[PDB]
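In this document, chain identifiers A, B, C, D, E, F, G and H correspond to the written order of the chains, with residue numbering beginning at 1 in each.
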Amino acid sequence: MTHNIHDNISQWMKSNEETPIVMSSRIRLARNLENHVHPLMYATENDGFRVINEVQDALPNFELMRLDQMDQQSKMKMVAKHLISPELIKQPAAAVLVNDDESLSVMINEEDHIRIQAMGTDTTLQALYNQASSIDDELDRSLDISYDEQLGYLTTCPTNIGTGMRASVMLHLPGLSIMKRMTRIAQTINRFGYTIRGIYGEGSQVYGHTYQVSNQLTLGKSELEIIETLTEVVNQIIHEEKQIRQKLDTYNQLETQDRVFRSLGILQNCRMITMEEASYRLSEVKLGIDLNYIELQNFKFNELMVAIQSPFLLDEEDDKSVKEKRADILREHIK
Amino acid sequence: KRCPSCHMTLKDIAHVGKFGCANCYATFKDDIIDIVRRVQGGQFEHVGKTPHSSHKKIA
Amino acid sequence: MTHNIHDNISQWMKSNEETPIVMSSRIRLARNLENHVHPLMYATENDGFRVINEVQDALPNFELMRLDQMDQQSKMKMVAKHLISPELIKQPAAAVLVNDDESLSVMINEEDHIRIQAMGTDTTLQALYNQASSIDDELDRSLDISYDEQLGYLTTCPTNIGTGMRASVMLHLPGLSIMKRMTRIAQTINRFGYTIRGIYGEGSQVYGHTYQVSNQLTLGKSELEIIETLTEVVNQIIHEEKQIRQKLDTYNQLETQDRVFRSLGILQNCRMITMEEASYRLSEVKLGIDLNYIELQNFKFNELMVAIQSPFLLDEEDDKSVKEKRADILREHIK
Amino acid sequence: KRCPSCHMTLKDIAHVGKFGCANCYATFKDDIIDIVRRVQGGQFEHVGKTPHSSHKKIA
Amino acid sequence: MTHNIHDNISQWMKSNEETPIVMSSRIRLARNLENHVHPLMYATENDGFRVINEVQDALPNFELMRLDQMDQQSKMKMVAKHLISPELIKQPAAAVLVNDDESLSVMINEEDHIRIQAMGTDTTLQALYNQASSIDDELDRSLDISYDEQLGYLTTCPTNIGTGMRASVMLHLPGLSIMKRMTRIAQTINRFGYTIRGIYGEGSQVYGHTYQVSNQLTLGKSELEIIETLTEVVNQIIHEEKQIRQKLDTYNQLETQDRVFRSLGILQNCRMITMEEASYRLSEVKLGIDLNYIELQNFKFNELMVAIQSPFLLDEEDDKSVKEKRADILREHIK
Amino acid sequence: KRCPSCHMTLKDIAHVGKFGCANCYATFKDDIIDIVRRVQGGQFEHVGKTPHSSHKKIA
Amino acid sequence: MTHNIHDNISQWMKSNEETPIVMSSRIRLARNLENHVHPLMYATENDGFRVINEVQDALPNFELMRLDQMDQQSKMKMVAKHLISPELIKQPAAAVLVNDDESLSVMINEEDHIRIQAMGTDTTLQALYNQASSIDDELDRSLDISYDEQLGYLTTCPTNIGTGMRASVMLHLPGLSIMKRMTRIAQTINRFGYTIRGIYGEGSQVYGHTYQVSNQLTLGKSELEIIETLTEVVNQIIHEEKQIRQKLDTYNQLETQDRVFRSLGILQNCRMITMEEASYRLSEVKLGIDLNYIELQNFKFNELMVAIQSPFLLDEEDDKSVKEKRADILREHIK
Amino acid sequence: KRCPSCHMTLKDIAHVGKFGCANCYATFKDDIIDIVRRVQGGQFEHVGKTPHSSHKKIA
């Protein structure tokens, strides 16, 4: 019916079994604009149209998808794909540029920037940074940006002054969460001045299923320094996660096998599944496949996670048939 | 006292805690560096990115 | 794996889908013996051997299975098939006669009787009564029983004086138990002076899965009267159960379908199933087979309910592998 | 006072609430019918089963 | 606040500490009437007025309280005092006679009778029976009742044909209910053909706080026989309840003392108490006083259990202030 | 066929399972005793209470 | 029973009703020693005795309490008073100096320092800092410390290089914890690079009852800067906590009054109280006292929370007799 | 290569991540300042407390 269960295929969704504890990576580049009076603080459509036209003819190779011609359905469909933040949809003058290959983006007039964002492969952040640089030469060549010499760029005070970089990684951590080993390690990582963040959906998931780590200070430092710091801090948490995974496999094995197979059995053949349960059960069956037990998707985990959200279905019927339809797609795509 | 371009008081931008434009820096840089140092650790010694157009001509 | 898996086949286990709320029927005939001093109150083996030899040569067509040559394993294996009561195994002088066709039995020296018992088909109790009568002519012909004229036979005071008859039926009542409609109807049936009894195993099952109805006074009445009274009173509860089932099928249908299929999914693919859960889940899937939702066999369910008990398995290993083996046989025979 | 065959007091069989043998009835039938009537409703008028050997000869 | 917290005083509410497991006793006398066409099956007010006037001038010493002049508040206030059954209030032609001393009653035109009821002291049922007989001489002297010779009186088929007697006792049984010893003993007492019944309020109380035992067959027997049978069946249970109490007192004593004092502490100082909790807590503190631990102000347990019901309070405000007021009266009268 | 006083069929009173009046007994006593015996055990031999007015004059 | 229910009285335990959300404050001063080879890495008693004698005759005005002459009972009794950390008791060469007035301390040979600690009043941290400075003049005058010029002092790498200062505050935050407003604000305060810490006892208390805020970087900064920063960051939270309290008082008031009084009622009259429950109930009654509900005493809250600890009772009797002793001292001191 | 006073390798003190004595600094200060800068933000520019005995004599 709906066309958002295979139109996403990429390397980062496909080749994620060798290092299954990492899911994707982000990098941002926030920078303001010259010859305009605070692009967001305004009264009318005019500053919006001016900046929109400017950035539009600045690069004819891309295509636009404005806020005006979009109903709420497509808006949330694109929010749940991580291409929008809410303050964009709250902005009548806002817009978005994209690449049809769908590896880069530009959130025009979102909040005090243009924000060349780039999500992508799992191999290295450096290739993504190089692609964003190969866009940045063109942009800063075709126009003058509000650069400073004492400081670096000049975007917004508490977030980005030195450089607009902000990198992040998406992590799947079930073991330390079933064993209650996240607050201690959260303090351990806050020791340096980094942070660990929530999930796809609700920021109250106790059993993990996903996590996100990011930096805190893009101030008074270079780029590659923060890159290598985050990369080295992420090899530690992957190491600690794989320590509680071999332990459980050799030590008990039976409570593990029981939980895993029981959740797989509930998942198919339910017909009435809500959200929380489907998420939890999916994390558990994936853990099972990581320990070589069952043989299922292993590349459609992220695609199901991103397809089962409510605004993909609620916009057609009331919620009581939406439960049936969610359960139907789960039962249909698992086996 | 206000900004030339924004015409916005600096107690006002202090209240929202935001940044008007380049002119706001050019006229309020003392307080800007002061508050950046006060909040974001103590690292007001900033090195940015190697720009393009500036040193395309100056070096 | 165990012998019970298929060596029991009979009409009453096979053709039980047309009227699936009835499972089997019982009739007893308790009567004492003459020229012996209270066959149970004794000191030595001698009264036991005398009565055993007497009843043995009284009918050479049958075969014996004594208490002495049997270990506890076979003892409980036969108790869980409803051919023994505990006071028989508590009796060093006790014994049992059988029929290899396995439709009749005689519990020699059990408690104040010989107790020609007969279990069997679902069509009518009258055929079973006729078979027991066609045994009784031979027994009372070959020997003199302690008969009286004012009273009838003479066995034991609070239970059987008039005649030794005691009939019973085995009923499967899930609907009234999920709806909490058993205490009221228990009072309703006690209005007449009848009783409703427990189950295969524990007498604390709240959700039904089985029930048993029996008489209370085999005193001062004929036989066919009580037969027709029990038959008419059991027709009432079978009729009350078919109404509420139709109600649930036409009214909700979705909570029903959910519970049923979810329990079926847990049942296979668990590997660690205890007793209570397997019983409950079996009752639910059987209800769902009747509401025409799934498939599977049905004679298999009587065999399973009688095969999953612990003393069939505990006598080989400790309980922790017994859980695994119970789950294995369930997973293997369901699908 | 005891039974001929069992040699068991009738307060004793009343305590266990059981039945010794035919002789116990032949000597304690008054109390036996009394307690049967007292407990099992009031239906001490008993009709049994049509026997075999007795009437095989008496009718 | 309500005048119904002391206007009831009697011997049966006062001297109930020596034998505290008994609360009160009942006896009924149901009998129909002559020269009238089935006093209840009618179309208009006329049969009601005729029978009402007849029974009214039959005994001028009493006073009437009709159904017409009473609002629902007083109706439920008198129902919760055990002087009415619902089919009386469902009857537009119904009425009630009383005695201002409040030990006897007559439910005119309730259901197929006049039902001289008598509740009272704990010493003996015989004094109450004698009082009802000293009323019955007058009634059957002043008028001809539908008496029969083969049968006795003639009231209604499944309930009262021989004589209209139906006796009952009110019992407080917490120990056997905290220990799950009520279904077994219910079967034990049903052995004879008697019954055990619910409570003040809801017939779903698992922890006791009250119970009621009654007869089943007032048919083909005398009166004193059933009196002595019920009396002897209630001496057995009180003896069973006094054994387990001594066991708990000498064996643990500390879990007991903890539960008791904790519930007493919750009871006062709550301000927001619903029904179930107040009942449960009251039973527990009474058990404590019976085991001679707490010695508090008064022992109006009976007045409280009959005063805390909802229709005494709901008829003034919505339920949310009724909770406050119930808690207020509890806190005020306990200590 | 109906009752004289109630004018009510006896299959009707059997359906509700109730009792019309004394005339209903006088004309349906066979079925009444039959059903009382069938339901309430087997004790249709009924002794009632010693009445007042009847024997006040008859004995 | 124990002497440790009044021998602690001080200003910080007494005058804590004006600002009841603050409980006490800490400051540390960690600094190593010269002319000794890493005072902790050693083989024998000798370095311990040398440093102990040195610091002992360095200040004759104080008194010693060594590790050798102390049994485990007194050791834990002093640990639960916040004068010891576990690595001190794990050290056979360790010792402790004190002041009998009990406002200052010195943990000789604890871990890479001597650690002049000072706990005290609620008015200001500056008076405590001045007292520690008036000790430090004497210590650094009588001996040469391992001072550096480029860096400051020189104690230990990840903790204290610049100066040994580490300040902290003890906070009581029930409202934000019953309302689930602690993870968000934890991220908010980690924004700057500070931390919020656990409690008296277990670091798994979800409903608050206590919290502790501390600094993270005593590096490359002055002293008064960090003092003022922490003061302002802890003044932001006391306002947030005082704002939600007024909300709950004016908005509901009845759920609040119910919970408070119910917990007070359980607290006295229980006789069998474990740890978690007594803590929770104490926090709730204190919240109530702040909304002006009860009288009793309130300075004792500080002593009661440290006295119910296991070591003050468990060292003498079994844990079940200690449940009864904790309950005895709770029921006793409250009212 | 070892310390004069502690006689402890600097890979060893790096493993435990600790500090031997003043001599360890005097001979390993490059790596010490390096790791302090690497971990504790970037604030290796350290101002300590105003000491006593040093300036008591030097100023």
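In the analysis below, a residue touches a chain if its C-beta (ideal position, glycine included) is under 8 Å from a C-beta of that chain, and two chains touch if they have at least 3 such contacts.
Novice: What is the graph distance from chain D to chain F, where chains are linked when they touch?
Specialist: Minimum step count, chain D to chain F: 1.
Novice: When the contacting C-beta pairs are counted for E-G and for C-E, which pair yields the higher total?
Specialist: Answer to which pair has more contacts is E-G.
Novice: Please identify which of A-G, C-E or E-G repeats the interface of A-C; the criterion is that more than half of the contact pairs agree.
Specialist: The chain pair with the recurring interface is E-G.
Novice: Between chain E and chain H, what is the gap in Å from one C-alpha centre to the other?
Specialist: Distance between chain centres, rounded to whole Å: 89 Å.
Novice: If you average the CA atoms of chain A and of chain E, how far apart do the two points sit, in angstrom?
Specialist: 69
Novice: At what distance in angstrom does the C-alpha mean of chain H lie from that of chain B?
Specialist: Here the centre of chain H sits 37 Å away from the centre of chain B.
Novice: Mark out which residues of chain E touch at least two other chains, giving numbers and ranges.
Specialist: 193, 220-221
Novice: Could you check chain B for residues that touch two or more other chains and list them?
Specialist: Chain B, residues with two or more chain partners: 39, 41-43.
Novice: Where on chain F does chain C make contact in their complex?
Specialist: 39, 41-42
Novice: If you look only at chain H, which of its residues touch chain G in the complex?
Specialist: 5-6, 8, 17-22, 25, 32, 35-36, 39-41, 43-49, 51-54
Novice: Okay, in this complex, where on chain A does chain G touch?
Specialist: 187, 190-191, 193, 195, 216
Novice: How about chain G: which of its residues touch chain E in the complex?
Specialist: Against chain E, chain G makes touches at 254-255, 257-258, 261-262, 264-266, 268-272, 324.
Novice: Give the list of chain E residues in touch with chain D in this complex.
Specialist: Chain E residues touching chain D: 192-193, 220-221.
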